[PDB]
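What follows is a set of notes on a single structure, which appears directly below.
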There are 6 protein chains.
Amino acid sequence: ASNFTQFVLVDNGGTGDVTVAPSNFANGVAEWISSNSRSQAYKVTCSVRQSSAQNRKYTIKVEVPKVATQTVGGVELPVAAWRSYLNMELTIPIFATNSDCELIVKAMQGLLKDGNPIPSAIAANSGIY
Amino acid sequence: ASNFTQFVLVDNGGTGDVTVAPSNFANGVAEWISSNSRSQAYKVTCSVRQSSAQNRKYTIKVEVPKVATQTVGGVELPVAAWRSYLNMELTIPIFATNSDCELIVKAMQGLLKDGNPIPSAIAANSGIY
Amino acid sequence: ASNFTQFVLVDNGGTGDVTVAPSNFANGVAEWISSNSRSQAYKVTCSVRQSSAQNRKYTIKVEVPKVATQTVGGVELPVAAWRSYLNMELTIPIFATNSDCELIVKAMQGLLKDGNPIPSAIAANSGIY
Amino acid sequence: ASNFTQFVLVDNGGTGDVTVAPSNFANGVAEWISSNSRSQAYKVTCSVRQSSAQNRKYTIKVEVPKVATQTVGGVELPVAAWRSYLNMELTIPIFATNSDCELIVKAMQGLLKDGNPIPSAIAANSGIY
Amino acid sequence: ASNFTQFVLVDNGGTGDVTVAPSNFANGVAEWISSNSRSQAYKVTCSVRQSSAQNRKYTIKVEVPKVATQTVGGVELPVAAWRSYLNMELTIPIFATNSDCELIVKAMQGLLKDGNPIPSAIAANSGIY
Amino acid sequence: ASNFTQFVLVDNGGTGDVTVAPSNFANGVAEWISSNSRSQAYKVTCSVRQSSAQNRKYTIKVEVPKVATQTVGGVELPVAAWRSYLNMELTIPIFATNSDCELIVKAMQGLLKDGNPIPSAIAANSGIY
RNA sequence: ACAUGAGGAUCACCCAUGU
RNA sequence: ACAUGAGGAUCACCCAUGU
RNA sequence: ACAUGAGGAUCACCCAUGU
RNA sequence: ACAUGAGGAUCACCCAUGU
């Protein structure tokens with residue numbers, strides 16, 4: 001068994017779907033990268049650690065690129081015009097049973113579901129109002 | 001119009017669903033809290049700001065409580081035995097059109113969808129393997 | 001294949017069996033824990049390192065908790081009254097054939113077979129005499 | 001009781017089984033060895049002592065010879081190329097009843113049971129994957 | 001995908017082919033070995049990492065045993081007289097698309113193709129003349 | 001004989017094949033480059049040195065360019081946008097027979113055969129997983 | 001860093017010693 | 001190194017303060 | 001000079017370490 | 001205050017370093 005597998009980061013139906021695959025697991029940091037030029041690839045990293053006697057802390061990171069071609073002196077290169085950086089840290093007391101962890105996961109999924117306040121503000125370059 | 005409304009943080013079908021409602025919007029930080037004792041409530045905060053000339057930064061936070069009764073000297077109080085803290089920061093260059101922001105949102109939803117590596121490791125008190 | 005699968009650590013004859021599942025492979029240390037709060041889980045860890053130019057050393061560690069519910073600060077938390085620690089290191093020469101290895105495995109199995117000296121002494125809180 | 005008796009270490013289903021028999025008790029340290037020279041013998045030693053005020057600790061040591069291409073009764077050097085060493089340290093808190101100790105013995109038998117990850121890795125000259 | 005599977009390393013046209021199979025993944029470093037003792041095994045290991053900000057680097061290592069006059073399962077010393085070591089470091093600029101990478105793989109297959117200078121020199125215990 | 005001949009480094013099936021021809025043997029380093037300006041050529045170098053009293057070490061180096069036309073100082077020059085570098089060192093004991101060597105060659109060929117793990121990971125800008 | 005310890009642990013940590 | 005910060009990044013880096 | 005490094009490179013060059 | 005950190009929290013606080 002492994003959970004260090006490729007998965008769909010961006011679901012665009014079934015065509016235009018962004019798939020991120022395992023690339024490296026050095027020093028406890030799992031990394032996934034989408035295919036083609038590393039310069040225009042999506043990247044996900046995830047590590048977990050005992051942050052204190054009572055807590056374990058997950059550090060999850062995602063990079064969404066703005067794909068573009070850079071032309072400098074007639075030599076063009078595939079680059080990312082720019083990138084968005086999602087950095088998230090989740091702390092969980094060592095007392096959490098498996099049911100507690102699941103509730104935590106639902107809370108995370110709910111916060112981001114379509115229609116809810118946060119994903120709507122972001123999807124529209126807005127804030128709360 | 002407003003997006004500062006109540007929403008379902010934890011969907012448990014249609015009964016056992018955790019709903020978080022607007023509570024305060026002081027100094028640009030939107031807060032939502034579930035009902036009943038504030039001591040055992042769920043909390044979501046979200047603020048957005050121009051972090052640099054090119055970027056706007058969202059700071060989203062969620063608190064999932066472990067509901068318990070504390071008894072001290074015969075006087076019981078509704079408390080949270082402990083809490084999980086989700087802290088996330090999302091940076092977006094000011095060049096992102098609305099389509100870019102949407103792609104960013106899908107990437108966030110995809111990372112957490114059921115079955116994918118990250119929500120599975122968390123839901124099971126595990127790491128990547 | 002992939003030998004990183006789950007298994008029953010304590011076989012209580014199909015009912016009350018303690019099964020341990022894969023949970024982390026960060027740093028080359030394969031970990032397996034049981035479904036519990038991490039404060040009350042059985043943990044099994046395994047790592048192999050080429051300890052010398054001509055040896056390989058496996059380091060296997062097992063933790064068996066005595067579960068309990070403790071009232072700290074007036075609140076109840078799932079905890080482990082105590083833990084028993086098994087620590088084994090096995091050093092095998094690089095010259096050992098697959099069958100040479102199969103012999104080490106049978107030797108460890110026989111050593112702990114019910115009814116033999118060592119497991120009898122242990123289960124009876126006794127020494128060998 | 002009297003548990004310091006002869007036992008089958010490597011069970012080959014009757015034909016070519018390896019029986020190890022009492023050979024030394026200097027210092028309360030029970031030793032068992034097979035019918036061979038000591039350079040080519042299967043050896044097992046076991047002792048218990050109270051490690052700390054809260055723990056008792058069993059120290060079990062097993063030596064297994066590299067058998068493929070072995071010359072019985074011969075002088076094989078370096079010793080290190082022809083022998084595998086197993087070292088087990090079992091720590092049991094003074095509170096552990098006999099029943100607690102029996103469960104621990106099961107946890108050890110389960111870890112080494114045929115078909116489980118750990119024994120299958122050792123036997124195949126592998127690690128966890 | 002899932003490319004960490006068993007493959008034929010030395011193709012002898014069916015009879016006496018050498019198949020190498022997954023044996024370790026500690027640290028994201030995939031390892032494959034043949035069915036032998038580790039002193040006489042065929043071994044392959046591979047890892048990728050981002051070497052500099054502009055490059056990614058694959059490190060592939062192969063170990064091949066001296067087979068002429070070999071005693072299977074035997075202890076053959078010095079180790080250095082009985083083993084050949086191959087070390088490959090492939091540096092690929094982050095701009096390289098998948099198609100660029102395919103061409104590179106061809107450049108490697110061509111270099112080692114039968115009848116070409118490099119493989120013919122190695123195989124004849126020679127240099128270039 | 002003379003193994004210092006030309007060969008097709010990138011076989012694009014008879015049309016668009018990159019052949020590399022012998023170009024220098026100064027300093028015991030056999031060099032081969034493709035027909036191009038030296039700024040845009042594929043280069044292959046090979047040297048063998050008796051690295052130890054009992055070893056011989058082959059050092060093979062391959063360079064695959066990403067060709068481009070760059071406008072420097074208002075003028076157009078044939079250039080290489082970037083280069084991918086392969087670096088391999090093979091160490092063989094002086095005790096290796098011609099057939100022992102032929103085995104190392106087949107092992108390197110199998111390693112890179114289309115469809116096997118390593119060349120699949122590389123061509124897909126991926127890691128082994 | 002190794003190495004060995006019927007050295008310790010709250011257990012992927014600490015000790016002491018021979019290199 | 002710990003910890004926190006609606007501190008910053010080019011994103012497993014960097015900055016400030018309370019152990 | 002060797003030696004080893006899932007050390008780096010602009011790649012027949014540089015690094016660090018055990019001799 | 002900016003910035004970063006698989007730095008910490010009791011979580012819009014606190015810590016370190018590069019402006």
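By convention here, the chains of the structure tokens are called A, B, ... in the order presented, each chain's residues are numbered starting at 1, and ligands are numbered starting at 1 in the order presented.
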
Contacts of residue D:126 within 12 Å, only C-alpha atoms (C1' of nucleotides), excl. fewer than 5 positions in-chain, as a PyMOL selection string: (chain C and resi 2-4+46-50+56-58+92+94+97-98+101) or (chain D and resi 117-121) or (chain E and resi 21-26+30-38+41+43)

What are the residues of chain C that have an atom within 12 Å of an atom of chain G, counting only C-alpha atoms (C1' of nucleotides), as a ChimeraX atom specification? /C:25-31,43-48,51-53,59-64,80-87

Based on DSSP run over this structure's backbone, return all residues of stretch 21-70 of chain D in strand (DSSP E), as a PDB file with C-alpha atoms, in the first residue's frame.
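Saved result, part.pdb, follows:
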ATOM      1  CA  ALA D  21      19.173 -27.536  24.023  1.00  0.00           C
ATOM      2  CA  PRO D  22      20.303 -26.099  27.404  1.00  0.00           C
ATOM      3  CA  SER D  23      24.014 -25.355  27.503  1.00  0.00           C
ATOM      4  CA  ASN D  24      24.813 -22.772  30.170  1.00  0.00           C
ATOM      5  CA  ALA D  30      19.951 -19.296  30.202  1.00  0.00           C
ATOM      6  CA  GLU D  31      21.716 -20.377  27.047  1.00  0.00           C
ATOM      7  CA  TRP D  32      20.629 -22.983  24.505  1.00  0.00           C
ATOM      8  CA  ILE D  33      22.706 -24.181  21.519  1.00  0.00           C
ATOM      9  CA  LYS D  43      22.450 -20.065  19.830  1.00  0.00           C
ATOM     10  CA  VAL D  44      19.770 -18.490  22.055  1.00  0.00           C
ATOM     11  CA  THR D  45      20.282 -16.649  25.377  1.00  0.00           C
ATOM     12  CA  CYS D  46      17.748 -14.983  27.667  1.00  0.00           C
ATOM     13  CA  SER D  47      17.768 -12.953  30.930  1.00  0.00           C
ATOM     14  CA  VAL D  48      15.407 -10.644  32.847  1.00  0.00           C
ATOM     15  CA  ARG D  49      16.262  -7.895  35.249  1.00  0.00           C
ATOM     16  CA  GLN D  50      14.457  -4.883  36.621  1.00  0.00           C
ATOM     17  CA  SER D  51      15.786  -2.083  34.377  1.00  0.00           C
ATOM     18  CA  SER D  52      14.373   0.953  36.147  1.00  0.00           C
ATOM     19  CA  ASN D  55      10.323  -1.513  34.332  1.00  0.00           C
ATOM     20  CA  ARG D  56      11.590  -5.049  33.917  1.00  0.00           C
ATOM     21  CA  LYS D  57      13.558  -5.871  30.747  1.00  0.00           C
ATOM     22  CA  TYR D  58      14.097  -9.150  28.875  1.00  0.00           C
ATOM     23  CA  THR D  59      17.223  -9.394  26.745  1.00  0.00           C
ATOM     24  CA  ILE D  60      16.977 -12.167  24.180  1.00  0.00           C
ATOM     25  CA  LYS D  61      19.777 -12.919  21.795  1.00  0.00           C
ATOM     26  CA  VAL D  62      19.751 -15.338  18.851  1.00  0.00           C
ATOM     27  CA  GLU D  63      22.662 -16.265  16.530  1.00  0.00           C
ATOM     28  CA  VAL D  64      21.923 -17.944  13.205  1.00  0.00           C
ATOM     29  CA  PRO D  65      24.642 -19.359  10.883  1.00  0.00           C
TER      30      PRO D  65
END

Atom CA of residue C:112 to atom CA of residue C:15, distance in Å rounded to a single decimal: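 For atom CA of residue C:112 relative to atom CA of residue C:15, the distance reads 22.2 Å.
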
Running DSSP on the backbone, which parts of chain C land in helix (DSSP H, G or I), as a VMD selection string? chain C and resid 26 to 28 98 to 111 117 to 123

Provide as a PyMOL selection string the residues of chain F at most 12 Å from chain A, counting only C-alpha atoms. chain F and resi 66-82+121-129

Grab the atom CA of residue A:19 to atom CA of residue E:96 distance for me, in Å with one decimal place. 18.2 Å

State, in Å with one decimal place, the distance from atom CA of residue B:105 to atom CA of residue B:54.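 One can read the atom CA of residue B:105 to atom CA of residue B:54 distance as 19.4 Å.
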
Which residues come within 9 Å of residue B:18, counting only C-alpha atoms (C1' of nucleotides), excluding same-chain residues fewer than 2 positions away, as a ChimeraX atom specification? /A:107 /B:7-12,15-16,20,34,42
